[PDB]
Amino acid sequence: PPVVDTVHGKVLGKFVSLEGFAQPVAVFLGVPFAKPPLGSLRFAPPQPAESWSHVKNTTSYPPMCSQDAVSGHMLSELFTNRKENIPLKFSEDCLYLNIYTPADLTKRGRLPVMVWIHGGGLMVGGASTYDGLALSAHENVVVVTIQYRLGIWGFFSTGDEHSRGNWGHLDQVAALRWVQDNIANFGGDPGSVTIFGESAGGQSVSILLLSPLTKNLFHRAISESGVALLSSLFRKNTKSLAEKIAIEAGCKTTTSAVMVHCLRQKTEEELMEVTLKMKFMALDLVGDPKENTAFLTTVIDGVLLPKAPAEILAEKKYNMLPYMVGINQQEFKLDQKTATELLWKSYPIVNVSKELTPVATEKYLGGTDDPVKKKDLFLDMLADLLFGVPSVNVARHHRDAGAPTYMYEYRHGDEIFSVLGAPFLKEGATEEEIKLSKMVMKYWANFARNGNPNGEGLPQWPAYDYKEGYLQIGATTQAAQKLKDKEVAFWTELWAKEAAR
Ligand SMILES: *[C@@H]1O[C@H](CO)[C@@H](O[C@H]2O[C@H](CO)[C@@H](O[C@@H]3O[C@H](CO)[C@@H](O)[C@H](O[C@@H]4O[C@H](CO)[C@@H](O)[C@H](O[C@H]5O[C@H](CO)[C@@H](O)[C@H](O)[C@@H]5O)[C@@H]4O)[C@@H]3O)[C@H](O)[C@H]2NC(C)=O)[C@H](O)[C@H]1NC(C)=O
Ligand SMILES: *[C@@H]1O[C@H](CO)[C@@H](O[C@H]2O[C@H](CO)[C@@H](O)[C@H](O)[C@H]2NC(C)=O)[C@H](O)[C@H]1NC(C)=O
Ligand SMILES: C1CCN(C2CCNCC2)CC1
């Protein structure tokens, strides 16, 4: 039974042997990296954890952050890269991380560290549904899954000092700081930390890469199907949102301070209650697509983000380091009038003026294949809009700044089956995807230790220079070029025409 020291006290983990590997993996589940964000700490930045004198049992999955348990239980079942489906528990006391290390705790391990940031619209998700027991064993790295406040708890902002916002992101920063001051005890190398995640995790890594407060907290980043440029997860301000939330809770809105103070008085159940009423994770068709800003989000707080992401990216003066941006052509039938309507209704999620709406349709869903079955093109443009286009834009920005860049197209969650090696400790699928998994983890890890995904036994992966070299992964893995170049062109131009209407 492994007992490791930490700045705050000792933790007791457990050994797990993965068939096919000589060395066990030491696992620590539910290690606190902060003080429980209760009472006055709700809607505040994370405070350090108080020290403890006993040896802390860390062999049990910590609870996940307050969230929609139905949407939370479902996303957890559809993303677990294991066979067992963990018995979830939710609480505001959710600031914990899980550690998977293959290092020999008896020695001075200096293995690269990979910190996984789960996705889930910043509304749901947890670190436990992900298992680094395979990636750590297969690639010889230390894997850390972190948790962060979600929904109201994590992103409620009044646009000023009484509740700046981005608590969820400040929790990610705190875990990264924790890794710095402690991972060495687990055979991890704080000098080689790689942050990675998909969807909302993907954009979080992007946000963190652009934040002034992450200097030296990590050394490489991987965004999968999500970048700082997602219009759904960022908004310069959310005062009106904060007000709708305060009212739904039965709080006055006289001031920012009165709002926050009243909300701090609410109960987790009461706030959970408001969350459900607000109906965040869901598209609202009826009404005007511009009044439904019911989406808690990343904002400009002058702390994590001094200014909007688009601009910080433009200034080219953020944390310059290896960044791997990738996507999966999937979000996982109708006519051109109804589809074009769904686009307008999906305004909050994709911000596409009604004016434009038809154009995009008649372009993607254009007068090519009139069939209804072949309107899966809608789902393609809807993806390019969500992450496809933004990703490339983010990449181009990074490259254009002189930072090692890389892209790839896997052929939401599926890459995860490969990234965390589901094909081993799960159902047992196509011996074909099982090798696909090993190839993936290989790139991620080589990138983790070198900032270059390349290695022996793996097809060439071109840097993301000006030839737009990117890797194509799937049943057959090859290299390609100009990812979403045509799609980006049509949009950057379309949105150009209305630059001076
Ligand atoms: C909902 O839909 C609308 C319309 O489709 C979205 O459009 C935009 O609204 C703003 C209109 O004013 C745009 O931002 C402004 O215009 C351009 C953006 O291209 C900027 O040049 C403007 O000023 C910036 O100031 C900083 C100061 O440090 C400079 O560094 C900037 O320079 C670069 O940064 C911009 C960032 O957008 C880049 O495009 C270029 O590399 C610039 O060279 C720049 O001088 C000003 O920001 C935006 O493009 C866009 N959104 C906003 C409000 O910024 C709208 O965004 C969308 N809303 C939602 C829900 O997302
Ligand atoms: C550490 O925590 C574990 C889990 O909470 C404690 O033992 C329990 O978990 C085991 C599985 O790991 C089960 O097999 C046991 O049944 C269960 N305990 C009971 C009630 O039988 C364990 O006591 C704690 N102490 C240490 C340091 O191991
Ligand atoms: C014009 C081009 C792209 N946008 C926008 C369009 C829709 N909102 C998010 C990106 C900013 C300015």
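Backbone-built Cβ (ideal geometry, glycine too); neighbour counts: all protein chains shown. Rule-based calculations on the coordinates, nothing more; no lab input.
If you check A49, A127, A34 for being hydrophobic (A, V, I, L, M, F, W, C), assigned to a loop (DSSP other than H, G, I, E, B), out of contact with any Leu (no Cβ under 6 Å at 6 or more places or on another chain) and more than 18 Å from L12 (Cβ to Cβ), only one passes: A127. If you go through region 11-31 and keep only what is outside any loop (DSSP other than H, G, I, E, B) and under 15 Å from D131 (Cβ atoms), you end up with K14, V16, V25, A26, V27, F28, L29, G30.
Tell me, yes or no, whether region 74-83 has at least one residue that is away from ligand 3 (no atom under 16 Å from the Cβ), within 30 Å of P453 (Cβ to Cβ), buried (at least 16 other Cβ atoms within 10 Å of the Cβ) and among the aromatic types (F, W, Y). Looking for residues that are away from ligand 3 (no atom under 16 Å from the Cβ), within 30 Å of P453 (Cβ to Cβ), buried (at least 16 other Cβ atoms within 10 Å of the Cβ) and among the aromatic types (F, W, Y), one finds at least one in region 74-83, hence yes. For region 289-300, the criterion of being surrounded by fewer than 17 Cβ atoms within 10 Å (Cβ to Cβ) and among the acidic types (D, E) is met by at least one residue. Listed by first and then second residue, the pairs with beta-carbon distance under 6 Å, at least 6 apart or on different chains, first residue in region 334-355 and under 21 Å from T492 (Cβ atoms), second of a type in the set (S, T, Y) and part of a loop (DSSP other than H, G, I, E, B), are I349/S232; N351/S231. Selection within region 319-364: residues that are more than 30 Å from the chain's Cα centre (by Cα) and not polar (S, T, N, Q). The member of this set that is nearest to ligand 2 (Cβ to nearest atom) is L334. Residue count for region 396-426 satisfying the condition of being under 26 Å from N81 (Cβ atoms) and either aliphatic (A, V, I, L, M) or assigned to a helix (DSSP H, G or I) (or both): 10.
How many residues are polar (S, T, N, Q) and loosely packed, with under 15 Cβ neighbours inside 10 Å when one looks only at region 5-19?
The initial filter retains those residues of region 5-19 that are polar (S, T, N, Q), namely 6, 17.
With loosely packed, with under 15 Cβ neighbours inside 10 Å added as a condition, the list becomes 17.
Here the count works out to 1.
When region 237-279 is filtered for residues that are surrounded by 13 or more Cβ atoms within 10 Å (Cβ to Cβ) and either acidic (D, E) or within 16 Å of ligand 1 (Cβ to nearest atom) (or both), the ones remaining, listed by number, are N237, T238, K239, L241, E243, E248, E268, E270, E273. Scanning region 388-442 for residues that are more than 22 Å from the chain's Cα centre (by Cα), small (G, A, S) and farther than 30 Å from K316 by Cα turns up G428, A429. Which of the following residues is in contact with a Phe, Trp or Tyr (Cβ under 6 Å, 6 or more places away or on another chain) and either β-branched (V, I, T) or under 24 Å from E269 (Cα atoms) (or both): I117, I146, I99? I99 is the lone residue from the list that is in contact with a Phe, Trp or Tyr (Cβ under 6 Å, 6 or more places away or on another chain) and either β-branched (V, I, T) or under 24 Å from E269 (Cα atoms) (or both). Listed conditions (1) away from ligand 3 (no atom under 16 Å from the Cβ); (2) of a type outside the set (D, E, K, R); (3) over 26 Å from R411 (Cα atoms) are all met by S225, apart from (3).
Of the residues making up region 46-70, just one is of a type in the set (S, T, Y), more than 14 Å from ligand 2 (Cβ to nearest atom) and within 25 Å of the chain's Cα centre (by Cα), namely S66.
Of a type in the set (V, I, T), under 22 Å from the mean Cα position of the chain (by Cα) and more than 16 Å from ligand 2 (Cβ to nearest atom) - does that describe any residue in region 75-85?
Step one: list which residues in region 75-85 are of a type in the set (V, I, T), which gives 80.
Next cut, under 22 Å from the mean Cα position of the chain (by Cα) only: 80.
Of the ones still in play, those that are also more than 16 Å from ligand 2 (Cβ to nearest atom) are 80.
There is at least one residue in region 75-85 that is of a type in the set (V, I, T), under 22 Å from the mean Cα position of the chain (by Cα) and more than 16 Å from ligand 2 (Cβ to nearest atom).
Against the list (1) within 18 Å of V11 (Cα to Cα); (2) touching a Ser or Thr at 6+ places or on another chain (Cβ under 8 Å); (3) surrounded by fewer than 24 Cβ atoms within 10 Å (Cβ to Cβ), the condition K56 fails is (2). Each residue in region 337-384 was checked for being more than 16 Å from ligand 3 (Cβ to nearest atom), surrounded by fewer than 18 Cβ atoms within 10 Å (Cβ to Cβ) and of a type in the set (A, V, I, L, M, F, W, C), and 4 of them qualify.
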